[PDB]
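Q:
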Amino acid sequence: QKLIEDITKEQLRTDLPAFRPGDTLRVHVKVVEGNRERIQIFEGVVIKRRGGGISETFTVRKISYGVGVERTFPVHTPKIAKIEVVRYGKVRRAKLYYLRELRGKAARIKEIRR
Amino acid sequence: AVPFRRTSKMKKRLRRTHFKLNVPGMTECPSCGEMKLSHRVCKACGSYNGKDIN
Amino acid sequence: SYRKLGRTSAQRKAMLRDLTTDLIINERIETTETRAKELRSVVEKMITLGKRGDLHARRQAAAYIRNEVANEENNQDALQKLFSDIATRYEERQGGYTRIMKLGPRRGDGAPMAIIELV
Amino acid sequence: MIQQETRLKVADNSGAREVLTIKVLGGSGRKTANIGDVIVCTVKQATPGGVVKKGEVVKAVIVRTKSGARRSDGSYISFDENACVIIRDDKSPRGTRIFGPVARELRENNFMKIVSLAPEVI
Amino acid sequence: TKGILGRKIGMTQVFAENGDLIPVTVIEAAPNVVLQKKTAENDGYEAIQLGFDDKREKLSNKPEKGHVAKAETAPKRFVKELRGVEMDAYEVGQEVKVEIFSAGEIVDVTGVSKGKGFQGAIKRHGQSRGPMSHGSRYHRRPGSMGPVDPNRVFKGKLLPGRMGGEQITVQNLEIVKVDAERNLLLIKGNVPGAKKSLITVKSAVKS
RNA sequence: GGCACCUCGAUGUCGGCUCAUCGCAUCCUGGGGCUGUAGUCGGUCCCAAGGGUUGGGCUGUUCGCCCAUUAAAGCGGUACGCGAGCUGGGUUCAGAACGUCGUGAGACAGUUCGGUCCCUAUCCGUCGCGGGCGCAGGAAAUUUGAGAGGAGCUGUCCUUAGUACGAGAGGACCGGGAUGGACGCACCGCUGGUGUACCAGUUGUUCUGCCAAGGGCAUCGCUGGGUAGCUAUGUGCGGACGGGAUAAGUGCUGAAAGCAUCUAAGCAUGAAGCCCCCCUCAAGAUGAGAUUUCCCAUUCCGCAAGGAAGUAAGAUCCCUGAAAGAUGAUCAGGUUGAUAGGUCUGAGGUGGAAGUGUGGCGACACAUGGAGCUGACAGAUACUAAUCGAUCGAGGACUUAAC
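Protein chains in written order, with the authors' numbering: chain P, 5 to 118; chain b, 2 to 55; chain N, 2 to 120; chain K, 1 to 122; chain D, 2 to 208.
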């Protein structure tokens, strides 16, 4: 896909920090409520890390007011401003789907600091 | 699925028209032959362009 | 894609692993033309594993090649011959190790046959 | 993504506990329902203290869905639990408060007053 | 009405200006050459036989070599007319390279569909499956032909069969960006056909 | 219902699941005339089959009732459409009961429980794909489109407007603007689904002499993810913008009947109808078309008619295969070569391999190291296999006219 790679390069976002699939990074996202853009911080654990250049995405997730939220973020979207990895975490796998059902302290066991 | 009637000899032979197998292609061997169909080792000398492997 | 041969998938692994072992001792084998085409893809990869000479690579050969005796008196394992004989013989060459000449159809069921041998 | 005969737990202080769906109001028509869709619904269960009572037939607007909602930005949202707020005729919610996160998809619709009661919007 | 037909290679996502995600199809498009120009007073109709993807002489037939000789061009593969070009448009033999298409133009797309192979009616026509339980042997099968009175199957009655490989129009697709240096087209929305298949890029009807 | 002309050496009943199509006395949408039509919303009679025609509860049911909807949830024909497609729930076999009738044996358009629905498609039919010959010489192509099919439905909101109207209450016609439903056509790059020669973890037993590290089997042993391909519940698009003659209507000039009068003369207006615009198959449209570019005008017989043997353009047999595919066919190719496999470099997937060292009593953990493993996805590389060859294939019929 060398030609396909040539197109994606123009929209490539090298500014984004490198990170492991298992961590509590905090994506910033402007929201056009109209007219001013609010900045909603959203901490959570990433799970999926699908490949495919610009099409790459990751699934940050967070419990909120007793209920979880699954807000996927594409890796190279313009809407992201900055990403801060508050904590690193050891992971025996790559697809941590199971943790969402394991409320609540059990989820923290996979969230061990590194 | 029981047929209502016996087939006529005409329709039968007409069905037989396409049933026949086609003749395989053949070529003379560079070494001796004869002959050898394309892209397969001869059962005779066993030569293959033109190496002798059995 | 990969050919099925109609075999059960569990059988398909053993069916390939058996042919890979029999080629080691016999150096050459005649089988059906279609199975022969499938055969070259698996065996040549095994030869690549023997190139590095790595101890980890030898264990990978055990996953496929079975523990059958090769040459008489020498008592070499079927795995061992690849790391001692075939590897040195193809240190220069890179791929194309297994030529497969076609052969006439078998009388017993019309199945086309093909010779398989290293080169 | 919600099919007919799909119980949906209550997200507001209507006094109801669980609320089964009846039929989508959209078209002849659509069976599926994302967020912001209005659906007539039955109250299978309810807390003893509240205006709502069991077996009542009242419309409710979807607030949360297990299915991943789509946006033009490409961002997706899928809550751990499905939810709806009870509403009658005028779209002001019967619930004094709305528990949990609320989808922003409601905001594009003139449903904005409901959004104001939300503790947080995602 | 212009149409630089060319093979697609791979699907891509492309965002610009607005933050919304826009799916995009790559197209090889350029270069193309006018092998011939039809005339209504002689050929009976207005058309231009554009070619695509030049190839070595070894694959070219002798009569094909003569057809391009008038075009002052090397022998080339597929050829299609595009009624109705605005004559005189271009001089004979002139090259074309994506210059016509702007990002704002709406563009119809036509091409051979990907082969699904021989298939059942449910895929071929979307017919509902029969019950899988309650002792019913019936499922997947197309069902009754219809009325007994005609004593014949109605023509055009749906039956399972091979699908795909037929040319299929997809109207009103929109271009996203233009890359003339790489001869790339970037049309929004799905474009029908197998990977690396030829695809026409005719101008959309307006308005 | 009546009659007993089809069938009692077999026409398998009812209601559904399946797919339909047809006809209008048109449920809705579009066109209107009259209203006890203020507006809004209706009533009625005329145009109109183009399209759309609901999800459940009760009952074997049709029907009907009820609930929630919808622009509307119209009827009927097609062996009360379809069982060599399916369902046996209802009646319509043999068992058993209740109630009633009969001395009994049994019976009951009275009811209840259980109860083998057989069949390899010959022909005509239809959905797809080839092999032949023809198309007055052989070919490679590109297409004209006689004809044929598909598509054909609509909701809301934002404006003009809170204006026209109405005491108020209510609330438009028309012209524009955005967003959905139902359905249809396509593609995976997102969302995912699957993914049996991909990766990892793990159980029992057995096999590699024992360790470490693996193999076989147990549904792929099980479990967790997933390339490609295949896919919708995902995405993108579709019914748009307009003409031609009209239907019911609305008419304009004017006569037969000096006035009058849509018509008898003559000119208009006028609909999701019809014809095209839109998309698709199509010159076996034996009416066999048209245009572009190639091969040449042979060699042998027979005085003639006509027939053979080679070849040119080109194609095939065979072979590497897939963007194709049941088999043919189609397309990419056949050694001045990337067609497939392999070999290298990647992408993606699964993710800290083996070995070694260190910490710990052990079990394990850490380091070496985003390592290792990689089936179909890419980029190059003749390293292998697409050998060597063979076969098919035209010498342009006779007339008339213009030259």
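Note that CB positions come from ideal geometry on N, CA and C, so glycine has one too.
Thinking C-alpha only, which one of D:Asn43, D:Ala90, D:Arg78 is nearest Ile49 of chain D?
A: Position 48 of the fifth sequence holds residue 49 of chain D. Looking at the Cα atoms, D:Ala90 is the closest of the given residues.
Q: Could you check whether the Cβ of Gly55 of chain P sits closer than 9 Å to any Cβ belonging to chain K?
A: Sequence index remark: in the first sequence, residue 55 of chain P carries index 51 (1-based). So no, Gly55 of chain P is outside the interface.
Q: Are any of the Cβ atoms in chain K nearer than 9 Å to that of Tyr69 of chain P?
A: Reading the first sequence from its first residue, position 65 is the one you call residue 69 of chain P. By this cut-off, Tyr69 of chain P is an interface position.
Q: Determine, using beta-carbon pairs with one atom in the region 44-62 of chain P and one in the region 76-86 of chain P, whether at least three such pairs fall under 8 Å.
A: Yes, the region 44-62 of chain P is in contact with the region 76-86 of chain P.
Q: DSSP has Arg64 of chain K in a bridge; who is on the other side?
A: Taking the first residue of the fourth sequence as 1, we reach residue 64 of chain K at position 64. DSSP, once it has assigned bridges, lists K:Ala83 as partnering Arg64 of chain K.
Q: Would you mind working out which of P:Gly108, P:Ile113, P:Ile67, P:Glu47 sits nearest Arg96 of chain P, comparing C-alpha positions?
A: In the first sequence, counting from the first residue as 1, residue 96 of chain P sits at position 92. The option with the nearest alpha carbon to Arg96 of chain P is P:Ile113.
Q: Spatial neighbours of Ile23 of chain D within its chain, please: C-beta separation below 8 Å, excluding the five flanking residues on both sides.
A: Along the fifth sequence, read from residue 1 onward, the residue named residue 23 of chain D stands at position 22. Answer for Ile23 of chain D: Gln14, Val15, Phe16, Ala17, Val177, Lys189, listed in chain order.
Q: Which of helix, strand or coil does DSSP assign to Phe155 of chain D?
A: Position 154 of the fifth sequence, counted from the first residue, corresponds to residue 155 of chain D. DSSP places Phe155 of chain D in coil when its eight states are reduced to three.
Q: Starting from the C-beta of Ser137 of chain D, find all residues in its chain whose C-beta is less than 8 Å away, skip the five residues before and the five after it, and write them out in chain order.
A: Your numbering for residue 137 of chain D matches position 136 in the fifth sequence. If we look at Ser137 of chain D and ignore the five residues flanking it on each side, its Cβ neighbours are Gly131.
Q: Measure the CB-CB distance between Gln5 of chain P and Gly11 of chain D and report whether it falls below 9 Å.
A: Residue mapping note: residue 5 of chain P aligns to position 1 of the first sequence, counting from 1. Residue mapping note: residue 11 of chain D aligns to position 10 of the fifth sequence, counting from 1. It is a contact, given that the beta carbons lie within the stated cut-off.
Q: Name the chain N residues whose beta carbon is nearer than 9 Å to that of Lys44 of chain b?
A: As a first step, residue 44 of chain b must be located in the second sequence, where it is residue number 43. Ordered by position in chain N, the residues that pass the 9 Å Cβ test against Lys44 of chain b are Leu104, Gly105.
Q: Looking at chain P, which residues of the region 8-31 of chain D have a Cβ within less than 8 Å of any of its Cβ atoms?
A: Here the close residues are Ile10, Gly11, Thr13, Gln14, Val15, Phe16, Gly20, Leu22, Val27.
Q: Specify the secondary structure class of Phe84 of chain N as computed by DSSP and reduced to three states.
A: Translated into positions along the third sequence, residue 84 of chain N becomes position 83. It is helical.
Q: Which residues, in chain order, does the region 100-118 of chain K contribute to contact with chain P at a C-beta distance below 7 Å?
A: Within the region 100-118 of chain K, the residues whose Cβ lies closer than 7 Å to some Cβ of chain P are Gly100, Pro101, listed in chain order.
Q: Measure the alpha-carbon distance for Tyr69 of chain P versus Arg53 of chain N and round it to whole angstroms.
A: By one-based count along the first sequence, residue 69 of chain P stands at place 65. By one-based count along the third sequence, residue 53 of chain N stands at place 52. Roughly 57 Å between the two C-alpha positions.
Q: Could you tell me which of D:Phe155, D:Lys196, D:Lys207, D:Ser145 sits nearest to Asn173 of chain D, measuring between CA atoms?
A: Indexing the fifth sequence from 1 puts residue 173 of chain D at position 172. It is D:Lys207.
Q: Can you list the residues of chain D that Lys94 of chain P reaches, using a CB-CB cut of under 9 Å?
A: Here the question's residue 94 of chain P lines up with position 90 in the first sequence. Near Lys94 of chain P there are no residues of chain D at all, since even the closest Cβ is about 32 Å away, more than 9 Å.
Q: In chain order, what residues of the same chain lie with their CB nearer than 8 Å to the CB of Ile123 of chain D, ignoring the 5 residues before and after it?
A: The residue you call residue 123 of chain D lines up with position 122 of the fifth sequence. Excluding positions up to five away in sequence, the list reads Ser129, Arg130, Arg141.
Q: Note down the Cα distance separating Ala58 of chain N from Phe84 of chain N, rounded to an integer number of angstroms.
A: To locate residue 58 of chain N, count along the third sequence from 1; it is residue 57. To locate residue 84 of chain N, count along the third sequence from 1; it is residue 83. The straight-line gap from Cα to Cα measures roughly 10 Å.
Q: Give a yes or no on contact between the region 4-20 of chain b and the region 35-47 of chain b, applying the rule of three or more CB pairs nearer than 8 Å.
A: As far as the Cβ criterion goes, the region 4-20 of chain b does not touch the region 35-47 of chain b, which means the pair count is below three.
Q: Can you list, in chain order, the stretches of the beta strand (DSSP E) that have 3 or more residues and sit fully within the region 42-111 of chain P?
A: Counting only runs of 3 or more, we get 61-68, 71-78, 84-92.
Q: With distances taken Cα to Cα, identify the nearest neighbour of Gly108 of chain P among P:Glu14, P:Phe46, P:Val71.
A: Counting from 1 along the first sequence, the entry for residue 108 of chain P is found at position 104. It is P:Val71.
Q: Opposite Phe119 of chain D in the DSSP bridges: which residues?
A: Residue 119 of chain D sits at position 118 when you count from the first residue of the fifth sequence. BP columns for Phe119 of chain D point to D:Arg163.
Q: Name the chain P residues that come within less than 9 Å of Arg183 of chain D, Cβ to Cβ?
A: Sequence index remark: in the fifth sequence, residue 183 of chain D carries index 182 (1-based). Result: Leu7, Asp10, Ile11.
Q: Name, please, each residue of chain P whose Cβ falls closer than 9 Å to the Cβ of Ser14 of chain K.
A: Counted from its first residue, the fourth sequence places residue 14 of chain K at position 14. Under the 9 Å cutoff, chain P gives no residues; its nearest Cβ is about 17 Å from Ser14 of chain K.
Q: Taking the straight line between their C-alpha atoms, what separation do you get for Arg18 of chain N and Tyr65 of chain N?
A: The sequence position of residue 18 of chain N within the third sequence is 17, counting from 1. The sequence position of residue 65 of chain N within the third sequence is 64, counting from 1. Distance between the alpha carbons of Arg18 of chain N and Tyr65 of chain N: 5 Å.
Q: Kindly give me the distance between the Cβ atoms of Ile39 of chain K and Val24 of chain K, rounded to whole angstroms, as I take these residues to be in contact under 8 Å.
A: Looking up residue 39 of chain K in the fourth sequence gives position 39. Looking up residue 24 of chain K in the fourth sequence gives position 24. The Cβ separation is near 5 Å, so the contact holds.
Q: Let me know if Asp89 of chain K comes out buried or exposed under the rule of 16 or more other beta-carbons within 10 Å of its beta-carbon.
A: By one-based count along the fourth sequence, residue 89 of chain K stands at place 89. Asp89 of chain K should be labelled exposed.
Q: List, from N- to C-terminal side, the alpha helix (DSSP H) runs of 4 residues or more that fit wholly inside the region 33-75 of chain N.
A: For the region 33-75 of chain N, whole alpha helix (DSSP H) runs of length 4 or above, ordered along the chain, are 34-53, 56-65.
Q: Are the C-beta of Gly74 of chain K and some C-beta of chain P separated by less than 9 Å?
A: Your numbering for residue 74 of chain K matches position 74 in the fourth sequence. Interface residue, yes.
Q: Nearest CA to the CA of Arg125 of chain D: which residue from D:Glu167, D:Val25, D:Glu42?
A: Translated into the one-based positions of the fifth sequence, residue 125 of chain D becomes position 124. The shortest C-alpha separation from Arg125 of chain D is found at D:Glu167.
Q: How is the alpha helix (DSSP H) around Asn55 of chain b delimited, first residue to last?
A: As a working note, residue 55 of chain b is residue 54 in the second sequence. That residue, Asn55 of chain b, is in no alpha helix (DSSP H); it is neither H nor E in DSSP.
Q: Nearest chain N C-beta to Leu38 of chain b closer than 9 Å, yes or no?
A: Here the question's residue 38 of chain b lines up with position 37 in the second sequence. Closer than 9 Å to some Cβ of chain N, the Cβ of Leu38 of chain b qualifies, so yes.
Q: Are the C-beta of residue 132 of chain N and some C-beta of chain b separated by less than 9 Å?
A: Absent from the model: residue 132 of chain N. The displayed extent of chain N is 2 to 120, so no value can be given.
Q: Looking at the secondary structure, which residues open and close the beta strand (DSSP E) in which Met16 of chain N lies?
A: In the third sequence, residue 16 of chain N corresponds to position 15, counting from 1. First-last for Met16 of chain N: 10-27, but that is the alpha helix (DSSP H), not the beta strand (DSSP E).
Q: Would you mind telling me which residues of chain D sit closer than 9 Å to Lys83 of chain P, beta carbon to beta carbon, in chain order?
A: Residue numbering aside, residue 83 of chain P sits at position 79 when the first sequence is read from its first letter. Residues of chain D passing the Cβ test: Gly20.
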